[PDB]
């Protein structure tokens, strides 16, 4: 599985969804997750994300390991997203700010 990590939050560019062959992204108000059982590890999304938030599971930084289970969890309850949309209004302001997990919206 690939995993969406901290820098997506309050950015949510949604460039990633457009390359995904299997449509395994699920949508929150200010974040995206990947469903780990649906992901085929094609790795195409990783270079697409402007926030560089996406990692191979086996490459998620130690300080962001909690994102692995959180993707799995929220992918069970959020709606599928399969089309690019406009990034969130102040995405530029939040790209690169750390510890945005505190801002995550259910």
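Residue numbers count along the first chain shown, from 1.
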- [ ] Between 77 to 85 and 50 to 58, name whichever shows the higher mean Cα B factor according to the PDB entry.
- [x] 77 to 85
TODO: For the higher mean C-alpha B factor in the entry, choose 20 to 28 or 90 to 98.
DONE: 90 to 98
Task: Entry-reported Cα temperature factor of residue 72, expressed as the chain third it lands in - done: highest
TODO: Classify residue 38 as lowest, middle or highest third according to the C-alpha B-factor given in the PDB entry, relative to its own chain.
DONE: lowest
